[PDB]
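Please read the structure below before turning to the comments.
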Amino acid sequence: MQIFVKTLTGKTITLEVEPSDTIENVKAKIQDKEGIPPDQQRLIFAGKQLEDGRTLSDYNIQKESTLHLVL
Amino acid sequence: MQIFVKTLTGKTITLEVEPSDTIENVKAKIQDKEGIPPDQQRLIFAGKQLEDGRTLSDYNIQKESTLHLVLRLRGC
Amino acid sequence: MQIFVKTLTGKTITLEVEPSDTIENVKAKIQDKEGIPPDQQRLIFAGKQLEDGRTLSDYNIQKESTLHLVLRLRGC
Amino acid sequence: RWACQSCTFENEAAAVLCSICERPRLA
Amino acid sequence: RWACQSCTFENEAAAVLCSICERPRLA
Amino acid sequence: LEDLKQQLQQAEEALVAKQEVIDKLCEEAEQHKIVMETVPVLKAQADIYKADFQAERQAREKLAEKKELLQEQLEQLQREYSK
Amino acid sequence: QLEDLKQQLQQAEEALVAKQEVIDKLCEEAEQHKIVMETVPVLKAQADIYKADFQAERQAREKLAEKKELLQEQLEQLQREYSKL
Amino acid sequence: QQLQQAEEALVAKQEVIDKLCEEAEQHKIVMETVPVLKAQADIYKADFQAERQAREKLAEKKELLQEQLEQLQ
Amino acid sequence: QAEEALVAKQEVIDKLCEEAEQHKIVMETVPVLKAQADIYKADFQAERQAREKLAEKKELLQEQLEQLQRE
Ligand SMILES: [Zn+2]
Ligand SMILES: [Zn+2]
C-alpha cells in the first residue's frame, strides 16, 4: 500500500512499501528515493517512536495513516 | 498537472502538482522555485483561502487552475 | 540614435535611444547609468519641460540633440 | 459581499479593505 | 502529558522539550 | 440621511488614491533595490582597476630605473671610449 | 441600520490613517535609498580614472621597453666598435 | 521542579546560538568574495566585447579591400 | 512561566537556521562565479589573439594590393 510521511516543514512524501517492510526498510526506501539518511530518521505516531528492528505490521499501522519524520 | 500562481506584481509561475498534494506542499514548491518563505504565503482560489490541512482535491482544483498569491511584505 | 543629457554641474552623459522612446523610458535609462530615481529627474529641451508620456519625435528630438537635466531635491 | 479585485477573495459587504491583501475595495 | 505541535509526540507532563525533536512544550 | 453614504463613498474613493501612491512607490522601490544592489560590484571594480594600475606603475618604475642605469653605462664607456 | 455605518466609516477613517502612515514610511525609505544610488556615479567615475591611468602606464611601459632594447643594441654595438678599436 | 533542568537547558540553547553566530561570521567572510567575482566577470565581458567590436570593423575593412582586389583583376 | 524564554530561544534559533540556508545558497554559487570569471578571461584572450591574427592576415595582404597596383 501507499503511505505518507509528514515532516516538520509541512511536506508530505509518498512511499511504496510492503506490510512486511521494517521501519528500517521504510527509512531505506526514504534514502533511496529521497536521499534522507536512515540514521537521522525518527518516526513518531500517537506519541510512540518506531524502533528500527520492528516491521510495519508490528505497530498496527492502519488505513489513512500519516507518519511523522523527526531529524 | 500544471497549476498557475499569479502574484500581485504581474509575475506568474507555473507549477507541476498532484491533486493529493497539501497546501503546505504547494507552498514548499513555491519556496523551491522562487525563494518565497512559506510563512508569508497566502493562497486564494474561488474567493476562498486555502487551508494547510486540505488537499487540492478538497478544493476541487483541477489542472491549469489559477491560484492567487498574497504575501505579507511590508504591506504594499 | 545617440543623444546627450547635460546637467547644470558640467557633467554630460551619453545615451543610446530611439526616436520612438518615451520620456519615461529615457529617465529609466538615466537611472540605469546614473542611479537617479526618475521621480527626481526633470528633463528640459529647447526651453520646454518634457512630459513623461510623450516620445522624442513628439518633441522633434533628433540625433545629437542636447537635453538639460534638473534634479529635484525632495520627492516625498 | 464583494470579491477583491486583486486576490479574488470574497469579503463581507462591511469590509472596506480586503481582509487578506488589504487593498481597497475599489482598487 | 502534552502532544508536540510539530510531530504530535505525546510527552510526559514533566518534559520541557519534546523527547524526539527537542522543541519546547509550548512551541 | 443619504449624505452619510456620500461620506462613505468619498472615503472609499480616497483609499483608492492612497493605494495608487503605495503601488507607485513600491514599483519604484523595487527599481531602487536593483540599483543599490549594483553598488558593491562597482566598488569591487574600482578596487580591481586601482590594483591593476598600481601594479603597472610599480613595474614601470622598476623598468625606468633599470633603463636609466643603462644610460649611465653607455655614457660611461662613451666617456671611456675617449682614448 | 445606520449605526453599522458608524461602525463602518470609523473603520474606514482608521484605515486611511494606516495607509498614510505606510506612505510616509515608504517615502522616508526612498530618501535613505537615494544616498546609496548617489554613490553609483562616483564609483563609475573612479573606475574610469583608474582604468585611464592604467592604460597610460601600460603605454608608457611599452615605449620605455623598446627604448631600452634600442639602448641595448646601441650599447652592445659600442662594445664591438670598442674591443675592435 | 524542573527549573534546574530548564535553567540548564536554556544555557544549552544559548550555546547553540553561540555556535551559529561563529559559523555565520566565517560564512560572511566567504560571501564577501561574491562582488569581486562578479566585478571581474563584468570586466572580462566588457574587454571581450571591445575586442570583438574592433575585430568586426577590421574584417569589414579587409573584406572591402579584398573586394577591391577582386574587381581590379 | 518556564517557556517565558525557552520559546524565545527557539525563535532566535529558527531565524538563524533560515539565515544559514540563505548563506549556504550564496556560498554554493561562489565556485560557479569563479569558473565564469576564468571563462570570460579565456574568451577575451582568445578574441584578442584572433583579432591580432586577423590584423596580420589583412595588413600583410595589403602588400598584395600594392602588387596589383604596379599594373
Ligand atoms: Zn484582496
Ligand atoms: Zn516533537
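Residues 259-343, in that order, are what chain G shows, numbered as in Swiss-Prot.
Just so you know, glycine gets a Cβ as well, placed from its N, Cα and C.
Listed features, source Swiss-Prot:
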- G:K264: ubiquitin cross-link (CROSSLNK)
- G:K277: ubiquitin cross-link (CROSSLNK)
- G:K277: SUMO cross-link (CROSSLNK)
- G:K283: ubiquitin cross-link (CROSSLNK)
- G:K292: ubiquitin cross-link (CROSSLNK)
- G:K302: ubiquitin cross-link (CROSSLNK)
- G:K309: ubiquitin cross-link (CROSSLNK)
- G:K309: SUMO cross-link (CROSSLNK)
- G:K321: ubiquitin cross-link (CROSSLNK)
- G:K325: ubiquitin cross-link (CROSSLNK)
- G:322-343: region 'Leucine-zipper' (REGION)
The one of G:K264, G:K277, G:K292, G:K302, G:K309 whose CB sees the fewest other CB atoms within 10 Å, among these recorded sites: G:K264
Sparsest-packed among the recorded sites, when each Cβ's other Cβ atoms within 10 Å are tallied, from G:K283, G:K321, G:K325: G:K321
DSSP state at G:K264 (ubiquitin cross-link), helix/strand/coil: helix
G:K302 (ubiquitin cross-link) versus G:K277 (ubiquitin cross-link) - Cα distance in angstrom: 38
DSSP three-state assignment for G:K309 (ubiquitin cross-link): helix
Distance, G:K302 (ubiquitin cross-link) to G:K292 (ubiquitin cross-link) (CA atoms, angstrom): 16
Distance from G:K264 (ubiquitin cross-link) back to G:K309 (ubiquitin cross-link), taken between C-alpha atoms, in Å: 68
G:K325 (ubiquitin cross-link) versus G:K302 (ubiquitin cross-link) - Cα distance in angstrom: 35
Integer Cα-Cα distance in angstrom, G:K283 (ubiquitin cross-link) to G:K321 (ubiquitin cross-link): 59
Secondary-structure category, per DSSP, in which G:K321 (ubiquitin cross-link) falls: helix
Cα distance (Å, whole number) from G:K264 (ubiquitin cross-link) to G:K321 (ubiquitin cross-link): 87
Proximity to chain C among recorded sites G:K264, G:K277, G:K283, G:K292, where any Cβ pair is under 8 Å: G:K292
